[PDB]
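For reference, the structure discussed in these notes is given below.
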Amino acid sequence: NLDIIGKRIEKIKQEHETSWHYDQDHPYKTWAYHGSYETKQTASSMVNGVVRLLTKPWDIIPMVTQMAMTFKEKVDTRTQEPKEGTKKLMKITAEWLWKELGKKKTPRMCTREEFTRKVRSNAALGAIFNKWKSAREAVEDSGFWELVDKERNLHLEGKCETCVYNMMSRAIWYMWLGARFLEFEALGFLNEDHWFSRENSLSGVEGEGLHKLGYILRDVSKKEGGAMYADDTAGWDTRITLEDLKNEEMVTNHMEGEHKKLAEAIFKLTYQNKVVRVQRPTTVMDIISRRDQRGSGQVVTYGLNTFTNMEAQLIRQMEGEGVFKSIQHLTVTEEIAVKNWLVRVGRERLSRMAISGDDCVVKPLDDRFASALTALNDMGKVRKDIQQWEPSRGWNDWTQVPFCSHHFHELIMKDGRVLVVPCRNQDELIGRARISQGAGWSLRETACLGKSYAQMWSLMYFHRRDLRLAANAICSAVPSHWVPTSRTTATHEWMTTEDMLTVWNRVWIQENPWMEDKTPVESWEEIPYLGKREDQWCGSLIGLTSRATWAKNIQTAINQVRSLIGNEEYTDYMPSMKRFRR
Ligand SMILES: CCn1c(NC(C)=O)nc2ccccc21
Ligand SMILES: [Zn+2]
Ligand SMILES: [Zn+2]
Numbered sequence: 273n274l275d276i277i278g279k280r281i282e283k284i285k286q287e288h289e290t291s292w293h294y295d296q297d298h299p300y301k302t303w304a305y306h307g308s309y310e311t312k313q314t317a318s319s320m321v322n323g324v325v326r327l328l329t330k331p332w333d334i335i336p337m338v339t340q341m342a343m344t355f356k357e358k359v360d361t362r363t364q365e366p367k368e369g370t371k372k373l374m375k376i377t378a379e380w381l382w383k384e385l386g387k388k389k390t391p392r393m394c395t396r397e398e399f400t401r402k403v404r405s406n407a408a409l410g411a412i413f417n418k419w420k421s422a423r424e425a426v427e428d429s430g431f432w433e434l435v436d437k438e439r440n441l442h443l444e445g446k447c448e449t450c451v452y453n454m455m471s472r473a474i475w476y477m478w479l480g481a482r483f484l485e486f487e488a489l490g491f492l493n494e495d496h497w498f499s500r501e502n503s504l505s506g507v508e509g510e511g512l513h514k515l516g517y518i519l520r521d522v523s524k525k526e527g528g529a530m531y532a533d534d535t536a537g538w539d540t541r542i543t544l545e546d547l548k549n550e551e552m553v554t555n556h557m558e559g560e561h562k563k564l565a566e567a568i569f570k571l572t573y574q575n576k577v578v579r580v581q582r583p584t588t589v590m591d592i593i594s595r596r597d598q599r600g601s602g603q604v605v606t607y608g609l610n611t612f613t614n615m616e617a618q619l620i621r622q623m624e625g626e627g628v629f630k631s632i633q634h635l636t637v638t639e640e641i642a643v644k645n646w647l648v649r650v651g652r653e654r655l656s657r658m659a660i661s662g663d664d665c666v667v668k669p670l671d672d673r674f675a676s677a678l679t680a681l682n683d684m685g686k687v688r689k690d691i692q693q694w695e696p697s698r699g700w701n702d703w704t705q706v707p708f709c710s711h712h713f714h715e716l717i718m719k720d721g722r723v724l725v726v727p728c729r730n731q732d733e734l735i736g737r738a739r740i741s742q743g744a745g746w747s748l749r750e751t752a753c754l755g756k757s758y759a760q761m762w763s764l765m766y767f768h769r770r771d772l773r774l775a776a777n778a779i780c781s782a783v784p785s786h787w788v789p790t791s792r793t794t799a800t801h802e803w804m805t806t807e808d809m810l811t812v813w814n815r816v817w818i819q820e821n822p823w824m825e826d827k828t829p830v831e832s833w834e835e836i837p838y839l840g841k842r843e844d845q846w847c848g849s850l851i852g853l854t855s856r857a858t859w860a861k862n863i864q865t866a867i868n869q870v871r872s873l874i875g876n877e878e879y880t881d882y883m884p885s886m887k888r889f890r891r
């Protein structure tokens, strides 16, 4: 407790020595409270005018327009200690899973050099302003690295001074860039060296891309077994137990030298003991601590979420298969049985899953899985929107299964070849493309963000009539040579100045391991759509008067945006579609 977090707490006290006050009306039940001090401050969602001017029919669709307008009583809840049988199942499974993930990978420190390159191309690291303005500037300045050094030698000494979280079903924990560096140095290898790739982890999909996820679900569907289960957890990050954090730390058993010590310190000092600053309007800053829940960088959070979810779902499969009888207590012979299941069929059972952080699809050996709930509930991974002891409802068709906010269609090209394509309700796609984050956007930067959405649509959602037409319109309205941009950066093949038909051929034909015939597609008209009725089911406006006027008059909308941007070099992409091809 306070021996590990005191120094951090004591240091914050002194920089606010005039304001420190142990408040009596503190709202915390499950967080340990330590004190308060004076502050005052908060960026809402802005509309992208280029995308909105080229999507006029959606200006009267509330599901689109409401997206641009605008529970913290879940972070203040407490998960119970699992029972002895559960803790044993988790420890045995975690031990086995780190060994499997480590068979063909070597843990290693990530470098200042790697960190510096990351910041200089805008990956959302979850940092803050202060001393230097941005991340870009702190990294050049040698003073920073001396701060990093001080903390670093403090961590080698098993102590912490400056690794403090800042709080702000989405609760995001920013730290200062130095704290994020030390996290990345110790645990960045999990993402940087693709520990959760499908090749390496069998269940994982890290680096796979939205154009692979449907093919992966169809491959899971080919296994003999029961229904496909896709149960969401209620507030996954808030249900991570101290026992979960201790099984995650066992990755350090695979490390050596300095790295082992640096990694052990991140787990001990920042993950299994946390210090947090939360803005309370009543305006103070509260300095609160707790031992459990997930609060790491968003990229380390993804890998450890994937790890602990893989572990949980293997244990639920063991329960359905009757490998153990009760979570109260594993006998000595049950331990040997669980161990022999893992050695014997563990890799086969991992291949029956697709797991992206807290998101999973499982095709178990049979439907006993549906009612195998004791371990899942006792680990604290309580299912969303179903009663605790009500059996899971599975999906009979891989094309109906939800995964990573999508479903997947099987789409046959006029030449007989098979595409498995990502899809979601089209109101969600248009509503997200109409939103920008942050201030100070020039017209050119706003246009380049619209172009990024347009190229994503041409690559991933070409099968939706309205999105292929709107993508062509935006790419016609933005100068041909202007480079697509984003402010937070799945594989992103649309973020390129290359012709989108050439990128389509590379992604869907040449590099697609599920496509045996590699004959290139010569035009967009070879590339199919969903059925018209299926397109309407997934939110198309095809058939409406508003949509017919928009499509017919599209060159007038394109010219409105071209007139605002000014006299630049533009390409007309609309004749790539049959109906505008004369
Ligand atoms: C090398 C790949 N590539 C990119 N990619 C970018 C800008 O990331 N833009 C291109 C334009 C024409 C031809 C190839 C191109
Ligand atoms: Zn620290
Ligand atoms: Zn669909």
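Mapped onto the authors' numbering, the consecutive letters of the sequence shown carry residue numbers 273 to 314, 317 to 344, 355 to 413, 417 to 455, 471 to 584, 588 to 794, 799 to 891.
In this text, a Cβ means the ideal position worked out from N, Cα and C, and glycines have one as well.
DSSP three-state label for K576, please. strand
Counting Cβ pairs, one atom from each stretch, are 3 or more of them under 8 Å apart for the stretch 821 to 831 and the stretch 839 to 847? no
Bridge partners - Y531, DSSP secondary structure assignment: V667
Can you find at least 3 beta carbon pairs, one from the stretch 529 to 545 and one from the stretch 667 to 675, that sit closer than 8 Å? yes
Starting from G430, trace the alpha helix (DSSP H) in both directions and tell me its first and last residue. In the DSSP assignment, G430 falls within the alpha helix (DSSP H) that extends over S429 to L443.
Using the Cα positions of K387 and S781, report the straight-line distance between them to the nearest angstrom. 50 Å
Taking 7 Å as the line, does the beta carbon of residue 416 fall inside it for any heavy atom of ligand 3? Shown without residue 416, the model has the chain running from 413 straight on to 417.
Of the listed residues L434, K402 and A407, nearest to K418 (C-alpha basis): Taking only the C-alpha atoms, the option nearest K418 is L434.
Are the Cβ atoms of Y766 and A738 separated by less than 8 Å? Here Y766 is not near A738, since their CB atoms are 8 Å or more apart.
Assign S308 to one of three DSSP states: helix, strand, or coil. strand
Counting only runs that start and end within the stretch 498 to 569, where is the beta strand (DSSP E) found for 3 or more residues in a row? Taking only runs of at least 3 residues, no beta strand (DSSP E) segment lies wholly in the stretch 498 to 569.
Would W762 and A778 be called neighbours here (beta carbons separated by less than 8 Å)? no
Excluding five sequence neighbours on each side, which residues of the same chain lie with their C-beta closer than 8 Å to the C-beta of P696? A675, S676 and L678
Stretch-stretch touch, CB-based, cutoff 8 Å, three pairs: the stretch 489 to 498 with the stretch 390 to 402: yes
By Cβ distance, which residues of its chain are closer than 8 Å to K283, with the 5 residues on each side in sequence left out? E448 and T449
Nearest-residue set for ligand 1, Cβ under 7 Å from any heavy atom: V788, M804, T805, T806 and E807
Relative to the C-alpha of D297, which residue among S471, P583, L484 and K420 is closest? Just measuring C-alpha positions, the residue of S471, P583, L484 and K420 sitting nearest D297 is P583.
Output needed for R520: all residues of its chain with C-beta closer than 6 Å, excluding positions within five of it in sequence on either side, in chain order. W703 and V725
Please check the pair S503 and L385, which I expect to be a contact at CB under 8 Å, by giving their CB distance rounded to whole angstroms. 6 Å
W846 classed as buried or exposed, judged by whether at least 16 other C-beta atoms fall within 10 angstroms: Exposed, by the Cβ-count rule.
Beta-carbon within less than 8 Å of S631's beta-carbon, same chain only, minus the 5 sequence neighbours each way: which residues are those? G369 and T679
Near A317, what residues of its chain come up, given a Cβ to Cβ distance below 8 Å and the 5 sequence neighbours on each side ignored? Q742, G743 and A744
Once you ignore the five residues that flank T606 on each side, which residues in its own chain have a CB closer than 6 Å to its CB? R599
In this structure, does DSSP put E653 in helix, strand or coil? helix
In the DSSP assignment, what are the bridge partners of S741? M320
At a cut-off of 7 Å, would you count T449 as near ligand 2, judging by its Cβ distance to the nearest heavy atom? yes
Helix, strand or coil for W846 per DSSP? helix
DSSP three-state call for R688: helix, strand or coil? strand
contact_flag[the stretch 566 to 574, the stretch 475 to 488] where n(CB pairs < 8 Å) is 3 or more: yes
Quick one: what's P784 bridged to in DSSP? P784 is not bridged to any residue.
Residue of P822, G699, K689 and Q864 minimising C-alpha distance to residue 586: Residues lacking coordinates in the chain include everything strictly between 584 and 588, among them residue 586.
Quick check: what's the CA-CA separation for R404 versus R423? 6 Å
Give the DSSP-derived three-state secondary structure of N777 in the structure shown. helix
Please go through the stretch 693 to 750 and give each complete alpha helix (DSSP H) segment of 4 or more residues, from N-terminal end onward. 731 to 738
Is there at least one non-hydrogen atom of ligand 2 closer than 7 Å to the beta-carbon of residue 416? As shown, the structure holds no coordinates for residue 416; the chain passes over it, running from 413 to 417.
Please tell me whether, using a cut-off of 7 Å, the distance from the CB of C709 to the nearest non-hydrogen atom of ligand 3 is below it. no
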